Structures are given as structure tokens and as C-alpha cells.
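Here is the file target_22.txt (compact mmCIF, C-alpha atoms and all ligand atoms).
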```txt
# COMPACT_ATOMS: atom_id res chain seq x y z
CA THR A 1 0.00 0.00 0.00
CA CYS A 2 1.58 3.23 -1.34
CA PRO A 3 2.90 5.51 1.40
CA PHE A 4 1.52 9.04 1.97
CA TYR A 5 4.94 10.61 1.19
CA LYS A 6 4.63 9.36 -2.46
CA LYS A 7 1.28 11.14 -2.86
CA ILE A 8 0.76 14.75 -4.02
CA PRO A 9 -2.48 15.84 -2.22
CA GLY A 10 -5.29 17.39 -4.28
CA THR A 11 -4.19 15.64 -7.45
CA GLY A 12 -4.41 12.10 -8.88
CA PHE A 13 -0.57 11.95 -9.04
CA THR A 14 2.13 9.90 -7.42
CA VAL A 15 5.89 10.19 -7.56
CA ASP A 16 8.23 7.16 -7.78
CA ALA A 17 5.47 4.66 -6.89
CA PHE A 18 5.57 1.75 -9.30
CA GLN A 19 5.93 -1.17 -6.84
CA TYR A 20 2.39 -1.21 -5.42
CA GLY A 21 0.40 -2.36 -8.43
CA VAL A 22 -2.43 -0.04 -9.46
CA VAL A 23 -2.66 2.79 -6.83
CA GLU A 24 -6.33 3.62 -5.94
CA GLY A 25 -7.15 6.96 -7.62
CA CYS A 26 -3.88 7.63 -9.47
CA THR A 27 -4.32 9.08 -12.94
CA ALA A 28 -0.59 9.80 -13.56
CA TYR A 29 2.66 8.27 -12.24
CA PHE A 30 5.72 10.58 -12.17
CA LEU A 31 9.24 9.11 -12.32
CA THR A 32 12.02 11.46 -11.10
CA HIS A 33 15.00 9.51 -12.48
CA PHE A 34 16.07 6.09 -13.84
CA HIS A 35 17.49 4.31 -10.70
CA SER A 36 16.20 0.88 -9.73
CA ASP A 37 14.73 1.57 -6.28
CA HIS A 38 12.72 4.51 -7.81
CA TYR A 39 11.44 2.74 -10.98
CA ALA A 40 10.94 -0.67 -9.12
CA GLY A 41 8.01 -2.58 -10.76
CA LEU A 42 8.03 -0.79 -14.13
CA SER A 43 8.24 -3.13 -17.14
CA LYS A 44 6.87 -3.72 -20.67
CA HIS A 45 3.42 -4.63 -19.17
CA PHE A 46 2.78 -1.24 -17.43
CA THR A 47 -0.28 0.39 -19.05
CA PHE A 48 -0.89 3.84 -17.40
CA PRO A 49 0.76 7.20 -18.25
CA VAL A 50 4.32 7.76 -16.93
CA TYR A 51 5.56 11.37 -16.74
CA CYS A 52 9.35 11.95 -16.83
CA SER A 53 12.25 13.78 -18.56
CA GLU A 54 13.31 13.01 -22.14
CA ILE A 55 16.42 11.05 -21.05
CA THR A 56 14.36 9.06 -18.53
CA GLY A 57 12.00 8.22 -21.46
CA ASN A 58 14.75 7.00 -23.80
CA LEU A 59 15.72 4.63 -20.92
CA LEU A 60 12.22 3.34 -20.17
CA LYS A 61 11.76 2.66 -23.87
CA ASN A 62 15.11 1.03 -24.78
CA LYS A 63 16.14 -0.66 -21.47
CA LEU A 64 12.80 -1.59 -19.87
CA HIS A 65 10.87 -2.09 -23.14
CA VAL A 66 7.97 0.10 -21.99
CA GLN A 67 5.54 0.81 -24.84
CA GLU A 68 5.95 4.20 -26.47
CA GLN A 69 2.26 5.15 -26.00
CA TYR A 70 2.55 5.32 -22.17
CA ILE A 71 5.75 7.45 -22.04
CA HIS A 72 5.22 11.20 -21.73
CA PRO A 73 8.47 13.10 -21.99
CA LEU A 74 8.37 16.67 -20.74
CA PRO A 75 10.99 19.34 -21.35
CA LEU A 76 12.84 21.06 -18.52
CA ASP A 77 12.28 24.65 -17.32
CA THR A 78 8.96 24.90 -19.17
CA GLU A 79 5.43 25.48 -17.80
CA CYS A 80 3.36 22.39 -18.83
CA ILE A 81 -0.17 21.15 -18.08
CA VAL A 82 -0.93 17.57 -17.04
CA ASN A 83 -4.53 16.47 -16.25
CA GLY A 84 -5.55 20.04 -15.42
CA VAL A 85 -2.54 20.86 -13.22
CA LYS A 86 0.42 23.14 -14.01
CA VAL A 87 3.82 21.43 -13.53
CA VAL A 88 7.53 22.17 -14.12
CA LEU A 89 10.50 19.79 -14.14
CA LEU A 90 13.88 21.18 -12.96
CA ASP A 91 17.34 19.71 -13.26
CA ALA A 92 18.12 17.79 -10.08
CA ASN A 93 22.00 17.79 -10.48
CA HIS A 94 21.90 14.04 -9.59
CA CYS A 95 22.27 11.64 -12.62
CA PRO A 96 21.46 12.08 -16.32
CA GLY A 97 17.71 12.77 -16.75
CA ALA A 98 17.02 13.25 -12.98
CA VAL A 99 14.47 15.94 -12.19
CA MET A 100 12.76 17.90 -9.43
CA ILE A 101 8.97 18.48 -9.97
CA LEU A 102 7.08 21.74 -9.13
CA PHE A 103 3.28 21.15 -8.73
CA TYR A 104 1.03 24.30 -8.82
CA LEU A 105 -2.22 22.99 -7.21
CA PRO A 106 -5.80 24.16 -8.15
CA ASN A 107 -6.17 25.74 -4.66
CA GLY A 108 -3.09 28.10 -5.14
CA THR A 109 -0.79 25.68 -3.22
CA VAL A 110 2.74 24.97 -4.58
CA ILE A 111 4.66 21.72 -3.93
CA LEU A 112 8.27 20.85 -4.73
CA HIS A 113 9.35 17.23 -4.89
CA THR A 114 13.19 17.06 -5.10
CA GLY A 115 13.44 13.32 -5.96
CA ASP A 116 17.09 12.55 -5.63
CA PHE A 117 19.16 15.85 -5.87
CA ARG A 118 22.38 17.54 -4.88
CA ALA A 119 21.52 21.11 -4.00
CA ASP A 120 23.51 23.90 -5.76
CA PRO A 121 23.42 27.75 -5.68
CA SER A 122 22.46 27.82 -9.33
CA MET A 123 19.04 26.38 -8.36
CA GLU A 124 18.25 29.70 -6.62
CA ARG A 125 18.15 31.37 -10.08
CA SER A 126 15.36 29.21 -11.62
CA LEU A 127 11.53 29.14 -11.71
CA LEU A 128 11.69 28.14 -7.98
CA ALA A 129 12.73 31.69 -7.13
CA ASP A 130 9.46 33.18 -8.43
CA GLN A 131 6.97 32.05 -5.70
CA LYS A 132 6.39 30.56 -2.27
CA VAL A 133 6.60 26.80 -1.54
CA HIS A 134 4.08 25.35 0.87
CA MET A 135 5.32 21.68 1.04
CA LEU A 136 8.81 20.34 0.33
CA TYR A 137 9.41 16.67 -0.19
CA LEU A 138 13.12 16.40 0.54
CA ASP A 139 15.87 13.90 -0.32
CA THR A 140 17.37 13.44 3.19
CA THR A 141 20.05 10.80 2.30
CA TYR A 142 22.82 12.76 4.10
CA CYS A 143 20.74 14.70 6.72
CA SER A 144 23.35 14.62 9.53
CA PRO A 145 26.22 17.08 10.44
CA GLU A 146 29.01 14.58 9.88
CA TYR A 147 28.34 14.22 6.15
CA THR A 148 30.84 16.62 4.50
CA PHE A 149 32.30 16.07 1.06
CA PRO A 150 34.36 17.87 -1.62
CA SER A 151 32.89 19.35 -4.77
CA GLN A 152 32.37 17.18 -7.79
CA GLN A 153 34.84 19.52 -9.55
CA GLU A 154 37.66 18.97 -7.02
CA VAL A 155 37.25 15.16 -7.17
CA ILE A 156 37.28 14.90 -11.04
CA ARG A 157 40.42 17.15 -11.03
CA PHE A 158 42.20 14.70 -8.70
CA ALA A 159 41.26 11.69 -10.84
CA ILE A 160 42.33 13.37 -14.11
CA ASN A 161 45.78 14.29 -12.75
CA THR A 162 46.32 10.89 -11.08
CA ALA A 163 45.43 9.03 -14.31
CA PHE A 164 47.48 11.27 -16.61
CA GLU A 165 50.51 10.84 -14.37
CA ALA A 166 50.35 7.00 -14.17
CA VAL A 167 49.85 6.53 -17.94
CA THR A 168 52.65 9.04 -18.77
CA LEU A 169 55.04 7.02 -16.55
CA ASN A 170 53.77 3.76 -18.11
CA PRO A 171 51.97 4.03 -21.48
CA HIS A 172 50.86 0.36 -21.34
CA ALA A 173 49.04 0.98 -18.04
CA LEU A 174 45.18 0.71 -18.18
CA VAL A 175 42.58 2.71 -16.19
CA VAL A 176 39.45 1.09 -14.83
CA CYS A 177 36.38 2.89 -13.33
CA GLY A 178 33.70 1.10 -11.30
CA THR A 179 30.01 1.55 -12.20
CA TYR A 180 26.56 0.02 -11.43
CA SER A 181 23.88 2.32 -12.88
CA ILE A 182 23.69 5.72 -14.49
CA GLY A 183 25.36 8.61 -12.74
CA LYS A 184 29.04 9.22 -12.17
CA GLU A 185 29.66 9.23 -15.94
CA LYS A 186 31.53 12.55 -15.68
CA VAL A 187 34.27 10.72 -13.75
CA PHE A 188 35.12 8.34 -16.62
CA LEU A 189 34.35 10.61 -19.62
CA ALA A 190 36.57 13.32 -18.14
CA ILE A 191 39.49 10.88 -17.64
CA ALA A 192 39.19 9.48 -21.20
CA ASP A 193 39.15 13.06 -22.67
CA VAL A 194 42.41 14.17 -21.05
CA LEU A 195 44.08 10.88 -22.08
CA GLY A 196 42.95 11.10 -25.72
CA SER A 197 41.08 7.73 -25.54
CA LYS A 198 37.67 6.22 -26.07
CA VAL A 199 36.05 4.46 -23.12
CA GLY A 200 35.67 0.75 -23.62
CA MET A 201 32.72 -1.12 -22.01
CA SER A 202 30.29 -4.03 -22.43
CA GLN A 203 27.33 -4.04 -24.87
CA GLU A 204 24.56 -3.50 -22.20
CA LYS A 205 26.32 -0.41 -20.73
CA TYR A 206 27.22 0.91 -24.16
CA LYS A 207 23.46 0.82 -24.79
CA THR A 208 22.64 2.74 -21.60
CA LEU A 209 25.00 5.56 -22.61
CA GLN A 210 23.46 5.85 -26.12
CA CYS A 211 20.18 6.86 -24.42
CA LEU A 212 21.66 9.87 -22.58
CA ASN A 213 21.74 12.70 -25.22
CA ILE A 214 25.52 13.27 -24.86
CA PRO A 215 26.88 15.28 -27.81
CA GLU A 216 29.01 13.13 -30.19
CA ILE A 217 28.75 10.06 -27.89
CA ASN A 218 29.57 7.66 -30.74
CA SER A 219 33.06 9.24 -31.02
CA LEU A 220 33.72 8.83 -27.20
CA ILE A 221 32.78 5.13 -26.42
CA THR A 222 33.55 1.61 -27.75
CA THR A 223 33.20 -2.15 -26.96
CA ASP A 224 36.73 -2.69 -28.26
CA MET A 225 38.55 -3.43 -24.96
CA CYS A 226 41.78 -3.71 -26.99
CA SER A 227 41.36 -0.17 -28.56
CA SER A 228 40.71 1.56 -25.24
CA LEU A 229 42.81 2.73 -22.32
CA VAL A 230 39.82 3.51 -20.05
CA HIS A 231 37.40 0.61 -19.30
CA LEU A 232 34.25 0.32 -17.24
CA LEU A 233 33.41 -2.66 -15.06
CA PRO A 234 30.78 -3.52 -12.43
CA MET A 235 31.69 -1.84 -9.07
CA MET A 236 31.84 -5.30 -7.41
CA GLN A 237 34.73 -6.27 -9.69
CA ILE A 238 36.88 -3.37 -8.34
CA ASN A 239 39.21 -5.38 -6.11
CA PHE A 240 42.63 -6.97 -6.57
CA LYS A 241 41.22 -10.33 -7.77
CA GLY A 242 38.79 -8.86 -10.32
CA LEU A 243 41.30 -6.41 -11.73
CA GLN A 244 43.99 -9.15 -12.19
CA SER A 245 41.41 -11.42 -13.85
CA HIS A 246 40.36 -8.65 -16.26
CA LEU A 247 44.03 -7.78 -17.02
CA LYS A 248 44.57 -11.32 -18.37
CA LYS A 249 41.46 -10.99 -20.62
CA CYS A 250 42.78 -8.08 -22.80
CA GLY A 251 45.52 -9.95 -24.75
CA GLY A 252 48.74 -8.84 -23.03
CA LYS A 253 48.17 -5.26 -24.21
CA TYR A 254 48.45 -3.64 -20.79
CA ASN A 255 50.79 -4.57 -17.94
CA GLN A 256 49.34 -2.39 -15.12
CA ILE A 257 45.92 -1.18 -13.85
CA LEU A 258 45.00 2.01 -12.01
CA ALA A 259 41.39 1.80 -10.84
CA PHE A 260 38.86 4.13 -9.26
CA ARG A 261 35.89 3.53 -6.89
CA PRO A 262 33.43 6.45 -6.75
CA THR A 263 31.91 5.73 -3.33
CA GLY A 264 29.41 8.10 -1.70
CA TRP A 265 30.52 8.66 1.89
CA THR A 266 32.64 6.43 4.14
CA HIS A 267 34.31 7.26 7.51
CA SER A 268 37.57 8.89 6.08
CA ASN A 269 35.73 12.14 4.97
CA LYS A 270 36.05 13.07 8.66
CA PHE A 271 39.93 13.33 8.35
CA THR A 272 41.57 12.78 4.93
CA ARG A 273 41.57 15.81 2.57
CA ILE A 274 41.34 15.01 -1.18
CA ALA A 275 44.87 16.34 -1.89
CA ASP A 276 46.30 13.95 0.76
CA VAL A 277 44.68 10.82 -0.72
CA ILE A 278 46.83 7.69 -1.34
CA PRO A 279 45.79 4.34 -2.98
CA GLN A 280 45.91 0.74 -1.78
CA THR A 281 48.48 -1.11 -3.95
CA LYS A 282 49.25 -4.78 -4.65
CA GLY A 283 52.05 -5.49 -7.12
CA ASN A 284 51.14 -3.76 -10.41
CA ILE A 285 47.56 -2.84 -9.35
CA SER A 286 46.33 0.24 -7.48
CA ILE A 287 42.90 1.31 -6.15
CA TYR A 288 41.88 4.85 -5.21
CA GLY A 289 38.66 5.42 -3.26
CA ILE A 290 37.11 8.77 -4.24
CA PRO A 291 34.09 10.44 -2.57
CA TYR A 292 31.97 11.41 -5.54
CA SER A 293 28.48 12.11 -4.07
CA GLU A 294 25.32 12.66 -6.16
CA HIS A 295 23.27 13.84 -3.11
CA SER A 296 23.33 16.99 -1.01
CA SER A 297 25.87 17.17 1.79
CA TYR A 298 24.39 18.41 5.14
CA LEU A 299 25.56 21.99 4.52
CA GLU A 300 24.23 21.94 0.94
CA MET A 301 20.81 20.70 2.10
CA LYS A 302 20.63 23.15 4.97
CA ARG A 303 21.54 26.18 2.87
CA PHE A 304 18.96 25.12 0.16
CA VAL A 305 16.11 24.70 2.63
CA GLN A 306 16.92 27.96 4.43
CA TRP A 307 16.72 29.78 1.16
CA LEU A 308 13.46 28.10 0.15
CA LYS A 309 11.65 28.68 3.47
CA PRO A 310 9.07 25.97 3.03
CA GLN A 311 6.06 25.81 5.40
CA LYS A 312 6.24 22.06 5.77
CA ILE A 313 8.96 19.53 5.02
CA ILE A 314 8.34 15.82 4.33
CA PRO A 315 11.44 13.54 4.23
CA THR A 316 11.65 10.82 1.57
CA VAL A 317 14.81 8.94 2.79
CA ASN A 318 15.59 7.26 6.12
CA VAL A 319 11.90 7.31 7.02
CA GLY A 320 11.37 3.71 8.24
CA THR A 321 12.56 4.08 11.86
CA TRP A 322 11.52 6.40 14.64
CA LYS A 323 15.13 7.20 15.51
CA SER A 324 15.82 8.66 11.99
CA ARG A 325 12.54 10.51 11.65
CA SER A 326 13.07 12.10 15.08
CA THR A 327 16.69 13.03 14.43
CA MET A 328 15.76 14.80 11.14
CA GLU A 329 12.91 16.78 12.79
CA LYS A 330 15.50 18.10 15.29
CA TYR A 331 17.76 19.42 12.48
CA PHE A 332 14.85 21.00 10.49
CA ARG A 333 13.79 22.84 13.70
CA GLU A 334 17.44 24.09 14.26
CA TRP A 335 17.51 25.40 10.65
CA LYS A 336 14.21 27.24 11.03
CA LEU A 337 15.36 28.86 14.36
CA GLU A 338 18.75 29.89 12.99
CA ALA A 339 16.90 31.58 10.09
CA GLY A 340 13.75 32.87 11.85
CA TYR A 341 11.24 31.62 9.15
NI NI B 1 19.00 8.14 -7.23
```

Can the structure from this file be put into C-alpha cells for me?
Amino acid sequence: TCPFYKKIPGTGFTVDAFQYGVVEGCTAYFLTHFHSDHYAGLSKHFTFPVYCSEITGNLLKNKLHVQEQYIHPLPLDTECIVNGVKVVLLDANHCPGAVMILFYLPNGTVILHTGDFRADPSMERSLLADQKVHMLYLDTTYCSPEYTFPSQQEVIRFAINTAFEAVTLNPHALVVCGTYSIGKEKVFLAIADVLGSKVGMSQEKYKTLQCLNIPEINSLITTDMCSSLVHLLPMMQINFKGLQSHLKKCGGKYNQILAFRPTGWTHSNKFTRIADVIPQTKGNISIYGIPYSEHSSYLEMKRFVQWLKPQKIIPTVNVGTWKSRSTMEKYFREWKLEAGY
């Protein structure tokens, strides 16, 4: 039975609610982005309208084999009507095709659902600026003071320099990046660009990337593992055993591997600065752990909410326990006091 926090009151709409069968009274199902927990239960047999970004539509079509008649791509930053209600999709700065959704309700109420997002100052100069928000449905993945991380920009800079260096010392070294769904593509496309290479990967993942409206993508990727000095592999395979195994499967063309794991947060954000970072090494194989987050840090979240001044906040992550719910309440109260709103 679909939870309240996936329902937009006053409408027949839900958000990211596909794993409940047919929801009683839902005329339109919104999907914020193409990640598995959020699209869970979508398939070729789904028969009701799905509202989403272009990129999210490409992916529902080509990967999930959803029938073209039930996919309703909407453009970003544009006032659109759906079943009598004015909506806007905004870029969520999360993964390719991820959106936030503004609902302007018949009764003059306005509702922002963030889906998954990583808050950024640029958001303050969008359609969100122009009016008051009554309810906020907030991605609270990192809602606790200990979650600090560096900027996406700082992290990609580190990984570029580290890769360039290792391959200039040894031009038969290979670079491997871990992946398991969309998002974090900027890590590996940036590395391949500096190095003058295409990015080699499997057929399934090559497909995924063709859906994402990247300019000139065909010139940047390949399934030729032998004509490629950057390769993608499942995140699980990013350990000493996996990397060795894969090194034997290229045809003696590389004699070393430098590999990257874009993790979210782990306990060494609380001490190690990015410039200090050093890899674990074993023979001719090296693994750097980099904190590339696609969600708001605590400070990012706090600043965003304080700007927005919503009347009510509804969390959409870490909601299952009383501990978590109560802890988040505490922080939202602190933010409100500190501001005055
Ligand atoms: Ni996500």
C-alpha cells in the first residue's frame, strides 16, 4: 500500500510509486529519475501514463521495453499542463535525466518534490525563485552534520591528474572505473578526454550511454577493450582479484591497472583531505577510493532549505525508523530557528 509521502495531495498523481500495483485513484505516475529503487516494478506490461524527462523516457523505452504510447516526456524549465494541473521539471543535479517536480495545485498551493538531488546555488536562479513553496518533499540521504564532502569539480580534477601521471610514466598501463547504474559518468568521460582515448565497455552499458543525449557520444565510447585505455566494469569487480582477472582478458596489451571507486561517503571524509589521498596497492595494481556524491551534503541541504523557506517539510529517505525521523525533525527545527522563518 503506497505511502503518503509518495502522494501529491489534491491531485491524482504519485511520484516514484511503481511497486504497489495499481494505486487507488492515481491518474498519472511521475518518475524522477532512472534508478532501480525509484522505478521498481516498471516493465513492458505497465499500461498507465508515466511522466518523466526526455532522457528518462529513452531509458524506459530502450532498457525496460515500456511501450511508447505510455511514455510522456516533458521538457525542462517549461510550464506544462498535465490532467488540469500546471507542472515544471527542474534539473536535479543528480544523474542524467534526474528531475525535481514543481506542482502548482488548483487551490493556489505549490509543492516541490526534489526526488534525488544535490543542491547547488544555481538552483536559486530558476523558476523556484518566483513564488512561495508550501510543502517540500526532501531527499534526506545525508541529513546529519558529519556528512561533508568535496565538490564534484575537485574530485574529477584529482582523478584526471592521477590518471594522466600513471599513464605518462607507463603508457601500457590501463585505467578502470567502477560503475553500477547511471550517474558518475563525468568521472570516466573526463578521464578518457584528457588521455585522448575512447572508453571501452560491455554491450549492455554501451546501450545505456546511447540513451543519454551526450553530444558526439559515438566518437567517445567503444566495446573494443583492446582499442581503449579507459574501461568500465561492475563496481563489485573493483578489487585486486577482479582487476587481475580482467588484465589477463585483454591480450597482453596492458601490464598495469590504475582503478577508481566512486563511493558516496565512508568514515575517512572526517579526516583525509582530497589532496592527501593515497591508494591501496598490490604489485602492479592500485585502487583509489574517491568520494563522488550525487546527493546533497548536510551543509548543501541546509543552505537550500533555508533559502526556500518551506512551510512544511516531508522527508523521503531514512523514514522507516523512529530514531531517523526524530533526528531529522530536530535538524529542520534548528535550521528554522537559525533563520527565523
Ligand atoms: Ni538516485

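Interatomic distance, CA of residue 222 (chain A) to CA of residue 190 (chain A): 15.4 Å.
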
Report as a PDB file with C-alpha atoms, keeping the file's coordinate frame which protein, DNA and RNA residues come within 9 Å of ligand NI 1 (chain B), using all atoms listed in the file.
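Heads up, here's the output in part.pdb:
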```pdb
ATOM      1  CA  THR A  32      12.020  11.460 -11.100  1.00  0.00           C
ATOM      2  CA  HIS A  33      15.000   9.510 -12.480  1.00  0.00           C
ATOM      3  CA  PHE A  34      16.070   6.090 -13.840  1.00  0.00           C
ATOM      4  CA  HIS A  35      17.490   4.310 -10.700  1.00  0.00           C
ATOM      5  CA  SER A  36      16.200   0.880  -9.730  1.00  0.00           C
ATOM      6  CA  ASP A  37      14.730   1.570  -6.280  1.00  0.00           C
ATOM      7  CA  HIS A  38      12.720   4.510  -7.810  1.00  0.00           C
ATOM      8  CA  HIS A  94      21.900  14.040  -9.590  1.00  0.00           C
ATOM      9  CA  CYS A  95      22.270  11.640 -12.620  1.00  0.00           C
ATOM     10  CA  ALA A  98      17.020  13.250 -12.980  1.00  0.00           C
ATOM     11  CA  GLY A 115      13.440  13.320  -5.960  1.00  0.00           C
ATOM     12  CA  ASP A 116      17.090  12.550  -5.630  1.00  0.00           C
ATOM     13  CA  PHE A 117      19.160  15.850  -5.870  1.00  0.00           C
ATOM     14  CA  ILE A 182      23.690   5.720 -14.490  1.00  0.00           C
ATOM     15  CA  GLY A 183      25.360   8.610 -12.740  1.00  0.00           C
ATOM     16  CA  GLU A 294      25.320  12.660  -6.160  1.00  0.00           C
ATOM     17  CA  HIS A 295      23.270  13.840  -3.110  1.00  0.00           C
TER      18      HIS A 295
END
```

*Which residue gives the smallest distance to residue 46 (chain A) among A:171, A:121, A:21, A:320, with only C-alpha atoms counted?*
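Smallest separation from residue 46 (chain A) among the options: A:21.
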
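Here the question is which of A:112, A:101, A:31, A:275 gets nearest to residue 56 (chain A) using only C-alpha atoms, and that residue is A:31.
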
*With all atoms listed in the file as the atoms that count, which of A:255, A:269, A:43, A:126 lies nearest to residue 70 (chain A)?*
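Looking at the shortest contact to residue 70 (chain A), the residue is A:43.
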
Quick one: residues within 10 Å of residue 145 (chain A), all atoms listed in the file counted, chain neighbours fewer than 6 positions away excluded, as a CSV table (one decimal) with C-alpha atoms, in the coordinates of the input?
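Written output follows (out.csv):
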```csv
chain,number,residue,atom,x,y,z
A,297,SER,CA,25.9,17.2,1.8
A,298,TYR,CA,24.4,18.4,5.1
A,299,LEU,CA,25.6,22.0,4.5
A,302,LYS,CA,20.6,23.2,5.0
A,331,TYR,CA,17.8,19.4,12.5
```

*So, counting all atoms listed in the file, which residue among A:39, A:335, A:240, A:188 is closest to residue 262 (chain A)?*
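Smallest distance to residue 262 (chain A) is found for A:188.
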
Can you sort out region 46-59 of chain A so it carries N, CA and C atoms, written as a short mmCIF file (atom, residue, chain, number, x, y, z; two decimals), keeping the file's coordinate frame?
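After the write, rebuild15.cif holds the following:
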```cif
data_model
loop_
_atom_site.label_atom_id
_atom_site.label_comp_id
_atom_site.auth_asym_id
_atom_site.auth_seq_id
_atom_site.Cartn_x
_atom_site.Cartn_y
_atom_site.Cartn_z
N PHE A 46 3.39 -2.42 -18.08
CA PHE A 46 2.78 -1.24 -17.43
C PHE A 46 1.94 -0.46 -18.46
N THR A 47 0.72 -0.08 -18.08
CA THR A 47 -0.28 0.39 -19.05
C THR A 47 -0.88 1.80 -18.83
N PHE A 48 -0.44 2.48 -17.76
CA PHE A 48 -0.89 3.84 -17.40
C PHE A 48 0.16 4.88 -17.79
N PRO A 49 -0.25 6.16 -17.93
CA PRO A 49 0.76 7.20 -18.25
C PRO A 49 1.89 7.41 -17.17
N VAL A 50 3.11 7.55 -17.71
CA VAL A 50 4.32 7.76 -16.93
C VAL A 50 4.85 9.11 -17.38
N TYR A 51 5.02 10.02 -16.43
CA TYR A 51 5.56 11.37 -16.74
C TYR A 51 6.99 11.50 -16.24
N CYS A 52 7.91 12.00 -17.09
CA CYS A 52 9.35 11.95 -16.83
C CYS A 52 10.07 12.85 -17.79
N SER A 53 11.40 12.96 -17.67
CA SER A 53 12.25 13.78 -18.56
C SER A 53 12.40 13.03 -19.89
N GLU A 54 12.90 13.70 -20.91
CA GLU A 54 13.31 13.01 -22.14
C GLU A 54 14.25 11.79 -21.90
N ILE A 55 15.41 12.06 -21.31
CA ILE A 55 16.42 11.05 -21.05
C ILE A 55 15.80 9.88 -20.30
N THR A 56 15.03 10.15 -19.26
CA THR A 56 14.36 9.06 -18.53
C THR A 56 13.44 8.22 -19.47
N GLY A 57 12.86 8.88 -20.47
CA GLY A 57 12.00 8.22 -21.46
C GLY A 57 12.74 7.30 -22.43
N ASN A 58 13.82 7.82 -23.04
CA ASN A 58 14.75 7.00 -23.80
C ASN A 58 14.99 5.68 -23.00
N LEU A 59 15.29 5.79 -21.71
CA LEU A 59 15.72 4.63 -20.92
C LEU A 59 14.61 3.64 -20.60
#
```
